[PDB]
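# before the rest arrives, take these chain(s) from the complex:
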Amino acid sequence: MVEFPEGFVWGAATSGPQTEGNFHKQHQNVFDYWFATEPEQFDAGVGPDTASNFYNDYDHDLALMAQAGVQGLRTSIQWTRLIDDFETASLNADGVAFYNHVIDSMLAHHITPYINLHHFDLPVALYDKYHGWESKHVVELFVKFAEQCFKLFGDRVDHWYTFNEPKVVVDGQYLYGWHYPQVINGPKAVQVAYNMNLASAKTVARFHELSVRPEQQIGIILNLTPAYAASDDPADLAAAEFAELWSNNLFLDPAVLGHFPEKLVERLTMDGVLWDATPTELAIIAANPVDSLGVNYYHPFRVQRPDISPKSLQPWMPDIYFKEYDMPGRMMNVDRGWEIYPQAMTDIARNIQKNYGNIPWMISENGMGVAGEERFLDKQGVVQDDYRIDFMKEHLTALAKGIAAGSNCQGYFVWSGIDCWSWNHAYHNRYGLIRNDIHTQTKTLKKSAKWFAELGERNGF
């Protein structure tokens, strides 16, 4: 009844930091270092050191995911595992061998690889030495790392992504304390958002210098949730318009249209917090847009006016212009604190189709996190996650409406394949099609896995 285009990709999304574990990894990223020194900041004291044991059990993990109808797996290559010397991007041989093993195994199981280069995992040594993403030198080191990935694996990987949601890096490392180093500095955050936008452009440039097949393409993964104003009142609208420019246009516009949003640049210039740019850097951004777009969506985004005037003496933050708003009568994922609003996927699809040239895009992430899933085991040891199937049904329904209106969506990737380590939340919330009992790292298909495999076979539901 709900059907999908011929050739639609049914996939799963994870990342290296949340699956592999730190086995034999040469370098600490910022989350590795944070757990090593502040294990109390992580749920039940569970860090990334073992995660879901993908380093050791990748071949059987891929077999399980293949059973669950995963036609494409998007994951990430860790900068801190592939590279020995960050300055020259020399290679760690065992890191190279591991990713060769993973990729060949995907292929042996008929899973198309989607390879993203960075998922929140900056080497902590680059933060100590250069302050990380604030440094344009670090931006160059990143490009060197990307070059190695393309040279080593571009023979059998077609689909690439530069970053998974750079905004979460900006937000987490420099605004709200989610990511080590937990800097709280608005103006620095502005410069970091610029630098990652520039690092992405330079990575598309290097990618196409080395591309040999016409199938090879590289994208970026962004969150494009609309900023819904609380009311039609003018102050709520003004808060919405800025929240939109800041949370969406800051990255979508450079990546797809090749320039930063004029109104946002004007605003940050007025507040004296604009980034430092050179003409050459702006020319690189303008000359190397992405080939495709990955959209991550989980919950809506609503915004009302700020409590106090933005002109009050206070540290600059993007939040001086908008405040989060809770809508009465919202439909809630109560244990999780997330509103359920599948219509936003249709809003997203329409925007891409209308204002961004209907660039090729996919749902790179959509999923539901539930705690204590052992409450839903049946008498055969399988999690009856009907709530997860329902969640997928409602959101896929909204997505198909966007497609029927003509949006260029080409796939849907579940977060996630196998339950994986969710940063400070660790394993408190489960998202997978496949459960992981993490004391023994024993993995077992959930009920939704069989439904997902069957969805891919009928290409609908």
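Sure thing, it's come through. Residues are numbered from 1 along each chain as shown, chains lettered A, B, ... in the order given.
# can you name the element that comes right after the helix or strand where residue A:283 lies?
Here residue A:283 is covered by helix A:279-287, with elements defined by DSSP states H and E. Proceeding N to C from helix A:279-287, the next assigned helix or strand is strand A:292-296, under DSSP H and E.
# show me what that following strand is packed against.
Where contact means 3 or more CB pairs under 8 Å, 6 or more residues apart in numbering; DSSP states H and E, strand A:292-296 is packed against strand A:159-164, strand A:217-222, helix A:343-355, strand A:361-365. All C-beta atoms are positioned from the backbone trio N, CA, C, and that covers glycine.
# list the buried residues in the longest one.
By neighbour count, and taking 16 or more other CB atoms under 10 Å as the criterion, the buried residues in helix A:343-355 are A:344, A:345, A:346, A:347, A:348, A:349, A:350, A:351, A:352, A:353.
# who's in contact with the helix holding residue A:283?
Helix A:279-287 is touched from outside by A:197, A:198, A:201, A:202, A:205, A:254, A:258, A:259, A:260, with contacts defined as CB atoms under 8 Å, 6 or more residues apart in numbering.
# buried subset of these?
When neighbours are counted using 16+ other CB under 10 Å, the contacts of helix A:279-287 contain these buried positions: A:197, A:198, A:201, A:202, A:254, A:258, A:260.
# and which of those residues is nearest to residue A:144?
Distance from residue A:144 was checked for each of the buried ones among the contacts of helix A:279-287 by CB to CB. The minimum falls on residue A:202, at 10.3 Å.
# give me phi/psi at the closest one?
With angles defined as degrees, to the nearest 10, residue A:202 shows backbone torsions of phi -60, psi -30.
# ok, it - contacts?
Applying CB under 8 Å, 6+ apart, one finds that residue A:202 lies in contact with A:139, A:140, A:143, A:284, A:288.
# if you set the cut-off to 6 Å instead, what comes out?
A:143, A:284 (CB atoms under 6 Å, 6 or more residues apart in numbering).
# what about it, distance to residue A:150?
Here residue A:202 is placed at a distance of 13 Å from residue A:150 (CB to CB, to the nearest Å).
# repeat for residue A:6
When distance is defined by CB to CB, residue A:6 is 30 Å away from residue A:150.
# which one of those two has more residues nearby?
Neighbour totals were compared for residue A:6 and residue A:150, and residue A:150 leads with 22 against 6 (other CB atoms under 10 Å).
# what are the phi and psi angles of the nearest residue to that one once chain neighbours are set aside?
The shortest distance from residue A:150 to any non-neighbouring residue, by CB to CB, 6 or more residues apart in numbering, is to residue A:210 (5.0 Å). Here the main-chain torsion angles of residue A:210 (degrees, to the nearest 10) amount to phi -100, psi -10.
# report how many residues lie close to residue A:210.
The number of residues packed near residue A:210 is 12, by other CB under 10 Å.
# host element of residue A:88?
Residue A:88 belongs to no helix or strand when elements are defined using DSSP H and E.
# what's the closest non-adjacent residue to it?
Nearest residue to residue A:88, sequence neighbours excluded (CB to CB, 6+ apart): residue A:144, at 7.3 Å.
# could you also fit chain B onto it:
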Amino acid sequence: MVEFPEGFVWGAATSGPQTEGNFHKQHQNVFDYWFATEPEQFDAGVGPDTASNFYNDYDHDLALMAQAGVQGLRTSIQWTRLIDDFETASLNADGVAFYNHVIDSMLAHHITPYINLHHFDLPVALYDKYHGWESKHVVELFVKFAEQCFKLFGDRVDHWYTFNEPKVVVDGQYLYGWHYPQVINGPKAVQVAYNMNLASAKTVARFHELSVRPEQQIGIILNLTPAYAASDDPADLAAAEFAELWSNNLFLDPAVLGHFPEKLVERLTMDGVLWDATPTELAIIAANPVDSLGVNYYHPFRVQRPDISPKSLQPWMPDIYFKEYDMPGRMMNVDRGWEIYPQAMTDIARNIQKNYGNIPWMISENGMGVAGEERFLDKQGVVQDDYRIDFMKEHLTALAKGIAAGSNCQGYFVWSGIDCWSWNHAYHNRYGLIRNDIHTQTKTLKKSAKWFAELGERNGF
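The block that follows adds chain B to the chains above:
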């Protein structure tokens, strides 16, 4: 009788490596290492370690150049003196203090500073670690170096040069054995010529990122001597055609026009030796042409067909397309092996005028070196170098005719002010207006010096 436009600069030219000595210099450049290691390759075993003692005697040295009518002085800052760590361009405080002292002493003596950034003096450690100018990483490290010079001295230096004749670095380091490392390898030479053009464009961009006054301008110093064919047999003008593209257009076209000469790139392509270039690098070159041109001219350049076919089985060199030619009846500087042909300066002036938008340019070097000037000491120990005064009048006569056709020549710099250290030839040939007795480091003005001072006070002769 022969007068010049108002404001014409009468100056002198040298370099850091050829004047300073290595007193308390932190790093070895390629020539320092070559001398410390093969002193037998240098005339009379005289190296750059003391040179003309400019490190110790800059103040009185400058007072004497001013007496000789040096209105502006061009010289160079040594990468190997100013920089502590090359990777970051951190500063050597004593080097910074030295160059501040030199620049401030120039202005106290009313000499305008013309500061060039590079004169054959690659740090030898950058060769050992990266192969020097073959590495685009080294190209970035030079821009870091150039940025520090701009920030440290741009407050009282208006006129800058990226390089003094990069073709001599290509030729000497990678084709004919003139410069340590003495590599003989055509393909590498092609890539080094391209990399250095790229460093200069990147330096021009950085300079205008930081320039605050409109007087501040940055140029490049090239040799633009025309390639005169031996005859008008088609084989000789084919040789003169390539010799022109290779020796002049290879650097002048990128520097001034923003692009490499297409028929050169076509032949480098057909022969399988083209440099590796990215679109971003080419756009940088197109977008940052130099502000002005420095021309070095000493002697003409004559070319005939090669002895064998360019299709013979031999390693690729540019010389497979042309062989130098000795014209019967040439006017010669016999003691030196150099033809005298002042008309060439008139040809250069016209070329720049007609084919390069008449860009502001100057003669950055012109001079005559003779050996054993002890033979022309008068009773008060003054060199009576009438041969030097004559040489200047003939070339100035030719330059003045070029200006009268309207060519935008704005100054004339003689090589050199004080006798300086001429690489492997050391002090065998002297070019200065001021003699240096190198055993005692005592400088006395030659007769040409007082003649130069009258020429500036009058703008003619």
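# with chain B now part of the structure, what is the answer for the contacts of residue A:202?
For residue A:202, the contacting residues are A:143, A:284, taking CB atoms under 6 Å, 6 or more residues apart in numbering or on different chains as the criterion.
# if we use 10 Å, what do you get?
For residue A:202, the contacting residues are A:139, A:140, A:142, A:143, A:146, A:162, A:281, A:284, A:285, A:288, B:280, taking CB atoms under 10 Å, 6 or more residues apart in numbering or on different chains as the criterion.
# going by distance to residue B:192, which of these wins?
Closest approach between those and residue B:192, by CB to CB: residue B:280, at 19.4 Å.
# so that closest one makes contact with residue A:288?
Yes - using CB atoms under 10 Å, residue B:280 is in contact with residue A:288, at 8.2 Å.
# I figured residue A:35 hits residue A:41, correct?
Yes - under the criterion of CB under 10 Å, residue A:35 makes contact with residue A:41 at 7.8 Å.
# identify the contacts common to these two.
A:47, A:180, A:423, A:424.
# quick one, which of residue B:280 and residue A:288 is more surrounded?
More crowded of residue B:280 and residue A:288, by other CB atoms under 10 Å in any protein chain shown: residue A:288, with 22 against 18.
# relative to residue A:167, how far out is the more buried one?
Using CB to CB, which is the criterion applied here, residue A:288 is 20 Å from residue A:167.
# one more: residue A:365?
In this structure, residue A:365 and residue A:167 are 13 Å apart, going by CB to CB.
# more neighbours: those two, which one.
A direct count of neighbours by other CB under 10 Å for residue A:365 and residue A:167 places residue A:365 higher, at 24 against 19.
# now do the contacts for the closest residue in space to the more buried one that isn't next to it in sequence.
Taking CB to CB, 6 or more residues apart in numbering or on different chains as the measure, residue A:365 lies nearest to residue A:296, with 3.8 Å between them; neighbours along the chain are not counted. With contacts defined as CB under 10 Å, 6+ apart, the neighbours of residue A:296 are A:13, A:164-165, A:168, A:221-225, A:363-367, A:413, A:415.
# who's the residue nearest the centre of chain A bridged to?
Nearest to the mean C-alpha position of chain A, counting by CA atoms, centre = their mean, stands residue A:164 at 3.5 Å. According to DSSP bridges, the partner residues bridging residue A:164 are residue A:221.
# still on that earlier bit, and the buried ones among the contacts of residue A:296, selectable in ChimeraX?
ChimeraX command restricting the contacts of residue A:296 to the buried ones, with burial defined by 16 or more other CB atoms under 10 Å in any protein chain shown:
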select /A:13,164,165,168,221,222,223,224,225,363,364,365,366,367,413,415
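# quick one: residue A:311 and residue A:270 touch, right?
No - taking contact to mean CB under 10 Å, the distance of 11.1 Å between residue A:311 and residue A:270 leaves them out of contact.
# isn't residue A:154 right up against residue A:213?
Yes - the pair formed by residue A:154 and residue A:213 meets the contact definition of CB under 10 Å, at 8.5 Å.
# touching, residue A:72 and residue A:363? I think so.
No - distance between residue A:72 and residue A:363: 11.8 Å, which falls outside the contact criterion (CB under 10 Å).
# what's the overlap in contacts for the two?
Common neighbours of residue A:72 and residue A:363 are listed as A:9, A:11, A:13, A:411, A:412, A:413 (criterion: CB under 10 Å, 6+ apart).
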